[PDB]
Amino acid sequence: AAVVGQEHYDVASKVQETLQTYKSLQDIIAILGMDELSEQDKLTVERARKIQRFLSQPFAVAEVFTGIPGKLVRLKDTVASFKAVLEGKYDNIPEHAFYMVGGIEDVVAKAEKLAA
Amino acid sequence: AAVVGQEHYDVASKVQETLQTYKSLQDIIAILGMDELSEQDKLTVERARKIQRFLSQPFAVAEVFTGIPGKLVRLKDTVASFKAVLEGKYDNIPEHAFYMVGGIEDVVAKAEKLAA
Amino acid sequence: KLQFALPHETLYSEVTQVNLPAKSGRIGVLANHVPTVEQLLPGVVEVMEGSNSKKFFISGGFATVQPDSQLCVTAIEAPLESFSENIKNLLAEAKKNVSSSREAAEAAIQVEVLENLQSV
Amino acid sequence: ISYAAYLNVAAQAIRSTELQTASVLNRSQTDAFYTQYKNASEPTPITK
Amino acid sequence: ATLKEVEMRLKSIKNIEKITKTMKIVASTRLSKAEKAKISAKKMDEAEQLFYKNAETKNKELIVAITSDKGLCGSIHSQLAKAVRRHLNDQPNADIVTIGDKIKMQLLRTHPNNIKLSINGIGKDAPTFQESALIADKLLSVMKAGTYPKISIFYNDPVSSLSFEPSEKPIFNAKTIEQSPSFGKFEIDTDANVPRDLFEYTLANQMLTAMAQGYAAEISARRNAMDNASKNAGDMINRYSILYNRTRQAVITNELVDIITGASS
Amino acid sequence: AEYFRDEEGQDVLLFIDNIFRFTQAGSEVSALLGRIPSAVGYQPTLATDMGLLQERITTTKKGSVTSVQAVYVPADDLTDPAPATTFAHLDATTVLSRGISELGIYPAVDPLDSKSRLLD
Amino acid sequence: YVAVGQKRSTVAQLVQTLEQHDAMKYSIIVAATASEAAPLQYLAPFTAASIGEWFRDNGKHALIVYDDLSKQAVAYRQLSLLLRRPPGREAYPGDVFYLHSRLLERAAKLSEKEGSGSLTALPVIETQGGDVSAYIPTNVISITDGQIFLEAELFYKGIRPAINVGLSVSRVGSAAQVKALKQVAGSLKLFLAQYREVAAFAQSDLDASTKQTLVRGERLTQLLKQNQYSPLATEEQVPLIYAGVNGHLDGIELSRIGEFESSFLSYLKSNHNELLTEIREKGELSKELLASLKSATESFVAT
Amino acid sequence: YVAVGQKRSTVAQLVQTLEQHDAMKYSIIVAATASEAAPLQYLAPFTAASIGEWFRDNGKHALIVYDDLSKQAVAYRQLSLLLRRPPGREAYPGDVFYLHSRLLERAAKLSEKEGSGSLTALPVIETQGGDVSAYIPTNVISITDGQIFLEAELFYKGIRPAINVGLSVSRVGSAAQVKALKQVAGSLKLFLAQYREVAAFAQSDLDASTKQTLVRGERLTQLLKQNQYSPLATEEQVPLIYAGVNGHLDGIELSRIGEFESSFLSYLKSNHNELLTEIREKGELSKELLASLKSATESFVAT
Amino acid sequence: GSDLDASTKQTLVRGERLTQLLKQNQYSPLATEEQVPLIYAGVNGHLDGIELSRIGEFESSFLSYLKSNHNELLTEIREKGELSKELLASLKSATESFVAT
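Protein chains in written order, with the deposited numbering: chain F, 360 to 475; chain E, 360 to 475; chain H, 11 to 23, 26 to 90, 92 to 97, 99 to 115, 118 to 136; chain I, 8 to 23, 27 to 49, 53 to 61; chain G, 1 to 59, 71 to 276; chain D, 240 to 359; chain A, 205 to 407, 410 to 509; chain C, 205 to 407, 410 to 509; chain B, 409 to 509.
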């Protein structure tokens with residue numbers, strides 16, 4: 360929290376917690392099925408599946424592989440963009456509109472694209 | 360298939376597949392019950408239980424040890440027997456009926472014995 | 011005797029006089045009474061066992077004097094005091111609703129309930 | 008529409027002063043969809 | 001390798017065990033409320049039934076059956092399915108109304124022709140008058156229930172706290188009510204709409220009770236099943252534990268032998 | 240103990256601490272002696288060394304030693320050779336438990352868990 | 205009785221037990237206790253088998269119990285390791301197979317030429333941690349003919365001793381049996397491997415046929431049970447098995463099975479020990495003996 | 205602090221952190237860095253202990269933290285194998301137990317003859333994957349009395365520092381812990397024990415008792431989080447645990463627990479740092495202090 | 409699982425067909441020219457509708473059908489070794505036509 364600032368730290372703690380919860384709940388969802396897992400849990404899970412695919416982001420040297428031109432986003436910008444996800448302002452955005460794209464702006468654009 | 364006839368190979372393929380399903384569902388069978396298996400699967404499981412029991416064929420040199428007279432079953436007869444079982448033709452009879460007896464004709468006859 | 015019973019309650023599942033609002037107007041059942049089956053209209057109900065009286069606001073139901081002097085009253089949900099001002103406000107809105115929209121009958125029933133409530 | 012549907016509406020009306031409890035409120039709010047089936054065939058799961 | 005693949009599998013079994021324990025307890029918790037409800041409901045039912053008995057109400072047809080959306084609540088689904096099938100040999104052309112998905116799937120396979128009305132969203136909640144009333148209202152309007160002068164409903168009677176026997180009962184049509192003889196030993200006006208009302212009222216009252224009886228059996232079955240699950244899982248813990256211990260020892264020994272062989276050279 | 244038994248005739252009781260650490264000490268001495276270690280590391284002379292220790296404890300005409308040993312089972316594996324060899328020598332096992340002690344029972348001894356071959 | 209690797213105290217109690225049952229006079233004891241040195245233990249079964257062979261080579265019938273060969277394995281292991289021969293699997297030396305096999309095959313029913321010698325071998329294997337796939341045990345199993353696996357769960361669970369019969373085989377055993385004890389016991393092994401199946405799937411719907419099998423099976427299991435140092439005569443065993451086979455233990459409620467056994471035996475002797483004498487000498491059941499037993503068993507069942 | 209096999213950069217960071225908190229002026233760092241040779245590594249904990257002896261002998265007190273003996277083991281392996289000493293379990297030297305035991309017993313709380321010059325010690329052992337079965341861990345666990353078992357899941361779950369107290373023990377126990385803190389944390393042990401048992405629930411209908419445990423338990427767990435490199439005084443240990451014991455924290459929402467902690471402390475400092483200092487100096491919670499404190503906690507809870 | 413999404417069961421239905429599609433008869437290799445149609449059909453979900461059991465029969469027949477009618481198309485797939493918009497459409501149409509076998 361000193362090295363990368365309190366905001367970065369807090370944001371990252373929230374991401375980590377969200378994911379750790381998701382993994383912990385993953386077993387429960389596996390057998391029991393997601394239904395009796397809380398409304399709060401559902402929002403956390405929904406964010407986690409989205410965050411999981413928000414991490415995804417093509418690379419230029421995987422035009423060889425994926426065939427998608429690379430995207431590299433500034434660190435400061437990334438902190439902001441992930442912050443947005445946690446705030447849940449984009450929890451109306453489809454999961455696949457987070458998949459394999461860059462920044463929040465791109466996610467929004469891909470939401471519009473998928474919408475069309 | 361070429362070597363021992365396509366029909367034999369097809370029959371054998373189905374037996375292998377069926378038994379593999381049964382092996383696969385060994386986990387579910389133990390962890391849960393049998394009723395918690397899907398109905399479609401439950402038919403397969405019942406068939407497979409029959410197939411396993413069908414495979415026990417007394418040996419003549421072991422006739423003493425088993426206490427059951429041995430059974431020598433023709434290759435053509437064997438193919439017939441499995442063919443039927445896969446089509447569930449005679450399936451509707453005890454798994455004890457299938458147990459320790461020779462060919463399909465013997466199974467059919469032993470069903471009468473058990474039925475009494 | 012008497013059974014005043016409901017799915018989620020068994021109020022008075026002895027009882028001497030019961031005063032009921034019924035399709036036959038208002039009915040009182042006292043000791044031996046003729047063996048009847050009458051659907052209770054939406055209601056203000058008083059049940060008296062001795063002189064002591066308990067007052068229920070009742071969603072209507074059915075009433076049946078049984079020939080064994082068991083007054084089976086069955087209704088969906090009742092205390093009068095629990096039912097009964100804010101409700102009068104809501105019902106006013108519901109009266110408006112009949113104007114716009118089976119729903120006409122539903123809102124009409126709500127107006128009937130408002131009359132019954134006004135009785136309370 | 009049925010006589011008991013009338014009574015149903017009345018019961019719902021009866022859960023309207028303010029002295030109410032959750033179990034009462036729950037008894038008058040429920041979610042379901044009657045999927046009118048047909049002869053395989055099946056008109057949609059239209060909300061009850 | 002062996003050791004790690006054993007270890008993860010044993011861990012899986014452990015997680016299953018923990019879940020089956022947790023679930024079983026929660027099932028017990030849910031069961032207490034369920035039973036409480038069923039008493040009050042049943043008491044109400046008995047009062048109406050008192051009329052029907054004293055009336056001696058007597059008797071295409073309808074078959075109504077109930078088994079929740081949710082599963083893993085014993086053999087409620089399939090014992091009821093078997094008993095529906097039995098009574099579907101009593102009239103092949105009877106119209107089956109399936110209240111909840113689980114019974115819907117099984118019967119739909121057995122005859123898909125007969126599935127006419129079905130209801131979703133049942134399994135989620137513990138039975139309520141609101142549900143029963145609407146299902147009934149729709150049974151009358153949609154299925155024109157009165158046309159079929161035989162109505163019969165199936166449910167699971169929770170016979171004992173460890174048992175459930177699938178059960179059926181006959182819902183009394185207005186025609187039955189009309190022509191029952193000791194209907195005449197009760198009295199109300201001829202200008203009353205009471206046959207047509209009384210039919211409707213007990214269509215729902217019986218149905219709510221049937222649902223309540225079923226629900227209690229369902230939650231009870233889930234408790235029983237999850238308990239039996241804990242036992243089955245425990246046995247698997249023990250079997251893999253012995254495997255784990257043996258495997259662990261074997262690895263130590265085999266590796267050691269290699270080290271020794273190297274030193275010996 | 241043997242001076243007590245043989246030369247004072249007394250019946251005496253000799254406590255030992257971890258016999259796991261008896262085994263551990265022995266395994267090391269073998270390894271130092273350069274002998275090829277036997278299964279699960281333990282000395283090749285595991286059986287004989289324990290054998291000498293637990294056959295010098297007995298009821299002679301003169302007296303009898305009796306020995307209480309503490310078995311610190313490694314990894315709680317009763318399949319492990321160090322426990323196994325111990326269990327061969329043992330006649331009875333007294334199984335103290337903390338669950339039982341938490342029931343307020345002092346003796347700490349868990350009665351069902353304890354098993355004896357001296358109970359016959 | 206070869207006692208290898210056993211507490212010298214315990215062996216002395218055993219010896220005293222044998223002398224209590226006055227059995228010492230018909231028996232030899234070879235002893236190689238836990239205290240006794242590992243090379244002595246290595247040579248201990250072999251020497252014992254030599255002693256047995258003198259009787260055998262008189263043509264006389266004999267028996268040798270090698271208790272416990274599992275302790276011989278540990279001994280040969282120690283010896284091998286101290287001879288720094290390469291450690292085999294599970295640290296049991298690579299020549300361990302040869303050790304057991306050379307020992308085991310020196311016992312046998314000789315031919316008429318050799319004066320029909322016999323040395324009955326019963327080698328007693330101690331499964332470490334009850335591992336029935338352990339290297340030394342599997343190696344022994346392959347050498348030996350039949351195994352008499354005993355089940356710990358059953359031992360704790362109310363049979364002392366508890367002879368599991370599911371995992372007990374005897375490769376050629378049935379040909380040496382008395383014809384009576386083949387006839388009365390006909391298919392009872394099969395029946396109780398139907399009981400095994402029945403109780404496998406009992407834990410579920412039960413057909414009345416299945417219930418009948420279960421009732422016979424459970425009750426038969428009770429009948430098998432016996433308590434340590436209480437043996438039964440060959441003659442005595444024949445009717446008891448006849449009863450159970452002939453389903454007379456459906457006739458006895460589970461609680462009273464023990465009563466049935468003792469009472470039945472007392473009854474049989476009192477009713478007619480003539481029958482038992484016949485089964486003792488004839489050693490087979492004629493049609494008359496079968497009927498006489500059917501009649502007699504029915505007679506006891508009534509009382 | 206005995207830095208064994210640690211990157212010189214890492215130890216430089218340690219030095220810097222220590223300098224940052226101005227702790228070098230009672231700190232001693234025996235340094236055997238990752239690059240440093242295996243003889244130096246072998247003798248490094250021994251050497252460190254010797255430094256400690258001077259303090260201990262002088263009757264003063266000290267704390268020696270051996271970090272990490274797991275790397276001491278590897279170095280001993282390197283020495284032994286290269287010296288062609290016979291290998292042993294897990295390719296660790298045979299006398300590795302002997303090494304560890306020699307080191308670990310030199311820590312001591314002397315007799316009153318020697319003025320009880322303590323030499324508290326805290327060895328650190330690194331678990332390969334939580335493999336307590338591993339030879340070097342098993343040995344050390346036996347040698348030491350007490351364990352602290354940190355848990356990775358907890359770390360991820362934001363309990364930083366993460367101590368899994370299910371697997372932590374202190375055999376020293378009540379010999380340590382101030383009387384005041386013992387009083388107000390006996391309750392804490394029992395509550396937490398329940399929270400662990402009631403951790404299984406996390407699903410429908412959850413009993414009020416269970417729910418009371420869950421709420422109280424979650425708040426307690428939240429209370430025990432600590433910002434690394436910020437320690438808290440005993441006079442602040444006592445209020446915080448007291449609140450938790452009194453269930454005064456149970457009401458406070460989870461997000462506000464953290465805020466509650468610092469605020470409560472400042473509130474206590476403003477309102478009555480007399481109480482805190484009194485608690486500190488008495489070291490035993492007087493009923494009058496528990497009274498005043500109870501009032502104070504309530505007062506803070508209200509705000 | 410105590411609940412199965414319709415979407416997951418769409419996947420499940422498609423997936424099952426794909427597994428059957430993958431299978432190939434031992435000692436019988438198959439030309440790439442005739443692997444391009446089959447994979448197109450599968451990926452464009454044509455086979456999803458076609459029942460699971462008869463996928464193998466369908467595969468055999470489909471090839472025969474393309475050999476009969478769209479042998480011009482097959483020649484192009486071979487010849488150009490890439491698929492143009494037009495060729496993809498031709499192929500798409502052909503597949504659509506054979507969905508109704």
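For each residue, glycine too, the CB sits at the ideal point set by N, CA and C.
Interface flag for F:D386 against chain G is set, since a Cβ pair is found closer than 9 Å.
Of C:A384, C:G453 and C:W258, the smallest CA-CA separation from C:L496 is found for C:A384. Using a CB distance cut-off of 9 Å, D:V279 counts as an interface residue toward chain G. Not a single C-beta of chain I is nearer than 9 Å to the C-beta of H:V85. Judged by DSSP secondary structure, C:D261 falls within the alpha helix (DSSP H) whose first and last residues are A242 to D261.
Residues of chain E with a Cβ closer than 7 Å to the Cβ of G:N243 are, in chain order, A389 and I390. Counted as a single uninterrupted DSSP element, the stretch harbouring A:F353 is not any beta strand (DSSP E), since DSSP gives it neither H nor E. Counted as a single uninterrupted DSSP element, the beta strand (DSSP E) harbouring G:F175 occupies residues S174 to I182.
Look at C:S346: its C-beta is under 9 Å from a C-beta on chain D. What A:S391 touches in chain E, judged by beta-carbon distance under 7 Å, is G426, going in chain order. Separation of the CB atoms of G:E142 and I:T45 is rounded to 14 Å, and the pair is thereby denied contact status at 8 Å.
For D:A309, the enclosing beta strand (DSSP E) begins and ends at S306 to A309. Between E:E454 and E:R408, the beta carbon gap of about 6 Å places them in contact (Cβ cut-off 8 Å). In this structure the stretch 425 to 436 of chain B does not lie against the stretch 476 to 493 of chain B, because fewer than three pairs of beta carbons, one per stretch, are closer than 8 Å.
Taken in chain order, the unbroken stretches of beta strand (DSSP E) that lie wholly in the stretch 94 to 165 of chain G and span 3 residues or more are 106 to 110 and 126 to 131.
The Cβ of F:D394 sits closer than 9 Å to at least one Cβ of chain B. Apart from the 5 residues on each side of it in sequence, I:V34 sits with its Cβ closer than 6 Å to the Cβ of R22 in its chain, given in chain order.
Counting C-beta atoms within 10 angstroms of its own C-beta, C:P243 has fewer than 16 neighbours from the protein chains shown and is therefore classed as exposed. Taking one beta carbon from each stretch, the stretch 29 to 42 of chain G and the stretch 68 to 81 of chain H have fewer than 3 pairs nearer than 8 Å; the two do not touch.
Among the residues facing chain F, G:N216 is not included, as its CB has no counterpart in that chain under 9 Å away.
Secondary structure at B:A502: helix, using DSSP grouped into helix, strand and coil. A residue is called buried once 16 or more other Cβ atoms fall within 10 Å of its Cβ, and C:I329 is buried on that count. Residues of chain I whose Cβ lies closer than 7 Å to the Cβ of G:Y212 are, in chain order, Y10 and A11. Between the stretch 272 to 291 of chain A and the stretch 283 to 301 of chain D, the count of C-beta pairs closer than 8 Å reaches three or more; the two stretches touch. Membership of E:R433 in any beta strand (DSSP E) is not indicated, and neither H nor E is assigned to it by DSSP.
The C-beta of C:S337 comes closer than 9 Å to at least one C-beta of chain D.
Put simply, of G:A274, G:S276, G:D269 and G:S275 the residue whose alpha carbon is nearest the alpha carbon of A:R293 is G:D269. Between D:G273 and chain C, the shortest Cβ-Cβ separation is below 9 Å. Within the same chain, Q282 and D288 come within 6 Å of D:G265 by CB-CB distance, once the 5 residues on both sides are set aside. Annotation: F:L396 to G:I162 spans about 39 Å, alpha carbon to alpha carbon.
In the three-state DSSP reduction, F:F418 falls in the coil class, being neither helix nor strand.
Secondary structure of C:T237 (DSSP, three-state): strand.
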